[PDB]
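Down below is the structure, laid out as structure tokens.
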Amino acid sequence: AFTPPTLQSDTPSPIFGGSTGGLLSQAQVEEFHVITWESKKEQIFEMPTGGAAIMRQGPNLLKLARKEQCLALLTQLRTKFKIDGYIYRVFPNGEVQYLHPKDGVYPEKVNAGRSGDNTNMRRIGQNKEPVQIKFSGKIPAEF
Amino acid sequence: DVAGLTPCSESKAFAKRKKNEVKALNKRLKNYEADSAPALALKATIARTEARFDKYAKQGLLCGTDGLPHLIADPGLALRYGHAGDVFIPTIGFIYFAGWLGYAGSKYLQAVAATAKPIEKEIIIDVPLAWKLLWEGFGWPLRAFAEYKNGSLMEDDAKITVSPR
Amino acid sequence: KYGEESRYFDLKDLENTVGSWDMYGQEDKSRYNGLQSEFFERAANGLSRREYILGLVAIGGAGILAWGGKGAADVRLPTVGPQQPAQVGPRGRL
Amino acid sequence: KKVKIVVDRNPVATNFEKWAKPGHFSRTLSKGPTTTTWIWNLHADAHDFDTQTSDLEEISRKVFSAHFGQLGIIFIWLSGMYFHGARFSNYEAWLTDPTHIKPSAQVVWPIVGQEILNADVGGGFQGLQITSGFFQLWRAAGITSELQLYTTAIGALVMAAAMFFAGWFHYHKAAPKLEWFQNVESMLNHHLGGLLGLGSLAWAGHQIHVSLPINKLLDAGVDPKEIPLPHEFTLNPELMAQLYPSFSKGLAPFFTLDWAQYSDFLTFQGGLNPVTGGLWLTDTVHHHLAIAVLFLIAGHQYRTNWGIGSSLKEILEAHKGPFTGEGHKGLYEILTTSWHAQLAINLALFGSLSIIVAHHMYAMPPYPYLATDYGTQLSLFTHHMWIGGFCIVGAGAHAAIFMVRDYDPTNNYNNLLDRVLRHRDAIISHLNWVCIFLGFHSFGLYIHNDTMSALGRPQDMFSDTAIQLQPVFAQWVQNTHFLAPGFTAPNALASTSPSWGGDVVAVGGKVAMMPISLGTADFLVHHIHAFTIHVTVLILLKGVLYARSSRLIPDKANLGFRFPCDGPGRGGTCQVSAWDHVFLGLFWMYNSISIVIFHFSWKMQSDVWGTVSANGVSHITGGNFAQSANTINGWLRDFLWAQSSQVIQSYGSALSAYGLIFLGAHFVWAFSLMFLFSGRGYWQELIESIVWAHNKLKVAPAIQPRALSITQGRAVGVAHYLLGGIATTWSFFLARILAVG
Amino acid sequence: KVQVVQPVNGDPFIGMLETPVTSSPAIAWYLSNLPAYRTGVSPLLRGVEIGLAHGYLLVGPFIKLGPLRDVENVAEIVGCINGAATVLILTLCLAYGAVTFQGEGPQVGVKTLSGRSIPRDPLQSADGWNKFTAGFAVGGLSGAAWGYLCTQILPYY
Amino acid sequence: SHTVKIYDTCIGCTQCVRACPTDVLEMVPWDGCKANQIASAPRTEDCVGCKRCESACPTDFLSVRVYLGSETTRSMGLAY
Ligand code: CLA
Ligand code: CLA
Ligand code: CLA
Ligand code: CLA
Ligand code: CLA
Ligand SMILES: CC1=C(C/C=C(\C)CCC[C@H](C)CCC[C@H](C)CCCC(C)C)C(=O)c2ccccc2C1=O
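Below, the structure written as structure tokens:
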């Protein structure tokens, strides 16, 4: 079994001068994501919102408007720095949902113990014709 | 008179157009000395214009309401009235020459398709082979009819890709 | 926030970390002087309801139509003035 | 350290083996053209040296040799122009009578009735009337001979051969190393002094010893055959002393600093020479000498192999203020290691230079008898305007390319580039608001004028006769320039240009330059120009700023500078790349420059160009700009329909080629609309059907035919659009200005 | 050495930046002292003041630029135009307050820039925006009416 | 809220999972291919619809099919 890591709120943030591409009004009333990673030295990386930031030694904490920004930062950390990280979904009511490394290992590597949903056992051309599903509220591929 | 048209040999407006063109060129003439290079150029232009108008009157073209040659694009209507050179004879000429070019290109495609690298032979053209096939394409109609009667000109539909309807 | 150093996230204080701030709104009771506040709340008393503030727009549109009825002509306006001869046209028409 | 010449002996062998194989420069083009997309990408990536090699040294060597090849092409072009001026031109005849003889330097072969394009230009000569102004330039240089143009053509051919030999030599025999290209101090020290300064000084020397005496005799009125040759004017100071008496004392007052005695040929009057309508050539001599001295002084600012001089890095890094953090930290490294950033800066200032050239050359003509030929004037202005706008768009493109490829956030922390990238939303939003405000207060003024004219209310529209909008700042600036001589310009005998104010300069019965009055229509069209420039800036700056990343697409730098989209998701991410921002900015630059040149042509056909009749000036259109250029119907009717009668009735004359191009460019512009409006999937499926037809007859190409890529389609569409619009305007302008004037 | 551009409230991950115009003490005082940022006083009087300012604002363009600007009775016709403009802006406020305040959403809250909790403003409510719309009603027509009376009592006009 | 489906022509090359910028796809154990892995889409609510997975699929025709459907604040990719 695998347990998700807790979001340690009192985690230091990278050195940054302040951008205009950061959080907006969506964070207060819908959602804002957050990414946490461990860096082995003080070095400069690129923000998903524009500009350069310096992440510090040890834990680094960065909140972002969208999950795609968090994954862009994570993939640039993994490629240009060989640094893994954790992404969390933080609701404004207080509940925090763990996100990307959901079962510990990365999704491109098998784990034996995942849900194989949305996997049809037919070919592309074996879907139903749209006339046979007429007036149903579903596309032919989700039958 | 094939469709209410008069021959340009006897139509008055053809002669009027020729006179107007020659008079405009003479108005251009009346500014230089007699033996200058512009004078010789304008004299050559005048000679070309008069030769063109006299040739058009000679060849038997049809003029409409005014003096402009009209062409007939109906076989029979142009054959028995002697205007097959308007459309029919150039139709045969284009069909022959376009078939020559297309058959040469086709035979080049089928010649280089069965080589080691057909990809390279289409940007790097084998010039002797292209020259030989361009020469051989002058007998394109007989070759094409022979390959059509043999059935080797067209491809079976079962060996040709289609979309899944 | 708990931003005593470089910590700009806190689940126990999630209000400040998200970015919800007043910017310039400040709480103060003192602003308008006496008697005039009562004067203006009496001026805008029953009108505060949605139906009556709709009825104000209704009488505004009534004024819009009253301009067309009697008001456009009071400021002259060429669309209700008289006309001066006419033109024939290209050919024999009118 | 230590600026010196470093090269590599024989890096690249000279042979033809890579000529046999196209696509050798890039690895992605290997293993043959499986599709026609390979064919298109081969031309697309021919000059993209970053995708060819990762070494900055090889990129720099390729750039250097490409510069040499371009210089050879330009020298071939100059040789061709001088050869056509020598052989197929009426230049000597035009020199005798420049007022009436129309310049011509190209003739045509009588083949298919095209000899009608040989105009009756005059001088017993037939040929195409040129609008490039080579005749005026050659008269300014003091040619006045056919043999000298041929000698210059041969010399330019020799220089082209030298350029090509230099490029081959510097790519194949002695290719400079990377640190040679990075000596920006030495490069600036030699371009300021040895290129620009020495070139200006040498041209001042030529103008003194060739242009001044020959043009002085021409202005006094002498047939060019009996004018002494330039060398014998240069050979002895005797004839020069007859023409300019200060040459009797020679170089003695120069070295003793009694330079005021040289005031006969080193002058400062301003205005125009009344004989020719061009600038005073002595004033041009004085100008070139002064700027040559200034540039040679400027060429000693930077430090090379000796301790004197200031380093560019030191000057940059010390210009830091409280509002900007580290300031110019990192700018020296991203300009001495990235070619695209330098290309962006140089293209921007080069296009601005071309636009400034267009402005300064209509305002006050520098060549004799250039003002009177309205055709070459309008053509030169419009050509330089279009070149400037194109170069500016390319500057935006290469700034975006640098932002995508050569921008490293490590060495660009908290500097001006970082500061700009960290508040890009503010800049873009504010430019958007400025664009909307300018669009309203420029175009809606025209629409209000249209509505009030169409409602029969001319008193309610914005005009000089109703609601005035006067350019008070511009009018006062004209007044300041007009009152400048004798006050704030004590040594000036006349203003810089007659456009500020004063008397009408007339040469040969035609107005050389007359004062330009600004009214409501000029106010409206200047605000239209500001609006169009601001929107083009908005698109280009938005592409540059959001090339790296975005709120919608956070990893746009991974996808590259030139990619079509990131899929139909997020609502649709079509044209998110900086390339597509350049693609839209091309159209917007086209719109801007088109409005600018329309305003230029209408304003000077209505208020400047015309004939004098010793009681007034009869303009080409008759003052219709002031009462019709505030209305869109006025632009459509009084400018775009009234002046179009010259190009549509040009059949059967020498302007029939302009008439034909006027329709062909319409065809090309509307042909662009296919590529601009459609999409790749339709054409791919249609090509599939055509491939079925080819398979049925065994005529399928091995190279698979593919529809043009999305970026390919956009590029083809914008290229055809700009070509068609610019060629339509070119044919219209040239036919109108060569039929009437 | 001197710092003038800073992240707002410390965290560099919010869309604002501290700038000597968006948070200079004079401009911050002026923006806080505008009626629209007075969460303590009743929204009706705030709307009254806003309507007075905007009604007295809108007189001028119609006076100097309207279709009847060249006739003596421009002031009355402009007062009528401004009454109509006040009515249409009033129904804009009506529609806005009816669509954005049809329910409730008590999430997160609001604090000041120092770190003190503050109530989330009575203006942002169904009843609160009704008082603001009613305040803009009497204020908007009064500002137009005072603008009409200013055309006859001012010496320099 | 985009419909993402995986089909049995998948060869388990994991390229669709690597191409995904919002972590929608993952590899689950399978027995129908040589690599003994197939793609799956448990987090289609995070799918924006960019079709980068389709651009990475080498199977002809592709096995990871994305059907654009209902749009939410995450499918539209909005940060405001
Ligand atoms: C010699 C090569 C060749 C041949 C035999 C054909 C033959 C054919 N083409 Mg095709 N085509 C070609 C080249 C060729 N095409 C090229 C290079 C293009 C890209 C411009 C096209 C684009 C094209 C389209 C879009 C369509 C056809 C269609 C057709 C069919 C209708 C007849 C026609 O002439 O249409 C017109 C053909 C053209 C407009 C292209 C001609 C271009 C030149 C003249 C041919 C190439 C010459 C070649 C280099 C010579 C090599 C010599 C050799 C010794 C090396 C026909 C079977 C039509 C069809 O599907 O009919 C059902 C159709 O829709 N062609
Ligand atoms: C005849 C002498 C000669 C020969 C045999 C070579 C041979 C070679 N050169 Mg070289 N070169 C030469 C002269 C020569 N060069 C000159 C004079 C210059 C200065 C411009 C250069 C500058 C140069 C550079 C910078 C590079 C090479 C490279 C190469 C190698 C491969 C590229 C190539 O040639 O593909 C084929 C090229 C062509 C068939 C011609 C290219 C297109 C020409 C230049 C267009 C010129 C403008 C023309 C008028 C068209 C304008 C528009 C027109 C339609 C109106 C190759 C072995 C490349 C290399 O070594 O790879 C690493 C390399 O990058 N050359
Ligand atoms: C006084 C010295 C001098 C002069 C006159 C020039 C002149 C020029 N340089 Mg150069 N440069 C110099 C020093 C100099 N440079 C030094 C010291 C360096 C090392 C830091 C460089 C590095 C450099 C680079 C990297 C490049 C240039 C380029 C250019 C050309 C600019 C483009 C153009 O079209 O201009 C106007 C065109 C003309 C004025 C035509 C006249 C051309 C003649 C032949 C100029 C001869 C000057 C030359 C330096 C003499 C020595 C060469 C000799 C062996 C023949 C121009 C001709 C660019 C270029 O286009 O490449 C060719 C470019 O890429 N230069
Ligand atoms: C000093 C000028 C200059 C220089 C050196 C460069 C250099 C470069 N540019 Mg660039 N650019 C410039 C100016 C310049 N540009 C200007 C003025 C513009 C605005 C139009 C652009 C817009 C631009 C874009 C949008 C792009 C580049 C790109 C590139 C890079 C690759 C070019 C390539 O191989 O593509 C291929 C070049 C060609 C295929 C040449 C043909 C281009 C058109 C079709 C020619 C126009 C037709 C011509 C007028 C003839 C018409 C008559 C006709 C009827 C015969 C390269 C390093 C590309 C890049 O990826 O950067 C890394 C990129 O996509 N440039
Ligand atoms: C003036 C504008 C214009 C023009 C000329 C065309 C032309 C064409 N369209 Mg098109 N279209 C347009 C606007 C235009 N469209 C617009 C705005 C839309 C909406 C987006 C469409 C949407 C559309 C669709 C959806 C389709 C077409 C198709 C076609 C082709 C139909 C075949 C044909 O008629 O052959 C005529 C050929 C020509 C008109 C080309 C001109 C001949 C050239 C100039 C000769 C070459 C000479 C010379 C070498 C030129 C090169 C010079 C250079 C080397 C310097 C044709 C090429 C259909 C198609 O593909 O057919 C199979 C197709 O399905 N169009
Ligand atoms: C027509 C069209 C095509 C089809 C275009 C094709 C197939 C290109 C046709 C080129 C042919 C094969 C060559 C024709 C050669 C001409 C005689 C001269 C062309 C000019 C060259 C010298 C550059 C697209 O692929 C496309 C893609 C995306 C958006 C819009 C469109 C689009 O509008």
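Chains as they are written, first to last, in PDB author numbering: chain D, 188 to 330; chain F, 318 to 482; chain H, 34 to 127; chain A, 11 to 751; chain L, 295 to 451; chain C, 2 to 81. All residues carry an ideal CB built from backbone N, CA and C; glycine is no exception.
Residue i CB to nearest heavy atom of ligand 4 below 6 Å
i: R724 of chain A; result: no
i: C575 of chain A; result: no
Residue i Cβ short of 6 Å to ligand 2 heavy atom set
i: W190 of chain A; result: no
i: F85 of chain A; result: no
i: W349 of chain A; result: no
i: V295 of chain A; result: no
Close Cβ partners of residue i (< 8 Å) along its chain, the five nearest in sequence each way excluded
i: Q284 of chain D; result: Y275, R276, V277, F278
i: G13 of chain C; result: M28, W31, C34, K35, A36, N37, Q38, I39, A40
Simplified DSSP assignment, three categories, for residue i
i: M197 of chain A; result: helix
i: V302 of chain L; result: coil
i: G620 of chain A; result: strand
i: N247 of chain D; result: strand
i: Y81 of chain C; result: coil
i: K466 of chain F; result: helix
Own chain residues within Cβ distance below 7 Å of residue i, not counting five before or after
i: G50 of chain C; result: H3, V67, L69, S76
i: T406 of chain L; result: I412
Closer than 6 Å: residue i CB and nearest ligand 1 heavy atom
i: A447 of chain F; result: yes
i: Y425 of chain F; result: yes
heavy atom of ligand 6 below 6 Å from residue i C-beta
i: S699 of chain A; result: no
Supposed contact pair residue j and residue i - C-beta distance, whole angstroms, cut 8 Å
i: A40 of chain C; j: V65 of chain C; result: 6 Å
i: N424 of chain L; j: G391 of chain L; result: 6 Å
i: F430 of chain L; j: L382 of chain L; result: Not quite, the Cβ-Cβ distance comes to about 12 Å (not below 8 Å), so this is no contact.
i: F426 of chain L; j: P337 of chain L; result: 5 Å
i: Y181 of chain A; j: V22 of chain A; result: 6 Å
i: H591 of chain A; j: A410 of chain A; result: 7 Å
Cutoff 6 Å; reference residue i; Cβ partners in own chain excluding five residues on either side
i: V298 of chain L; result: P314
i: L441 of chain A; result: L548
Closer than 6 Å: residue i CB and nearest ligand 5 heavy atom
i: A91 of chain H; result: no
i: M684 of chain A; result: yes
Residue i beta carbon near ligand 3 (any heavy atom closer than 6 Å)
i: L248 of chain D; result: no
Any non-hydrogen atom of ligand 7 within 6 Å of residue i CB
i: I411 of chain A; result: Ligand 7 is not among the ligands present in this structure, which contains only ligand 1, ligand 2, ligand 3, ligand 4, ligand 5 and ligand 6.
Return the chain-ordered ranges of every beta strand (DSSP E) run that is complete within the segment 3 to 59 of chain C and spans a minimum of 3 residues. 4 to 7, 27 to 30, 38 to 41
Report the start-end ranges of each alpha helix (DSSP H) in the segment 499 to 563 of chain A that is 4 residues or longer and not cut off at the edges. 530 to 555
List, from N- to C-terminal side, the alpha helix (DSSP H) runs of 4 residues or more that fit wholly inside the segment 337 to 408 of chain A. 349 to 373
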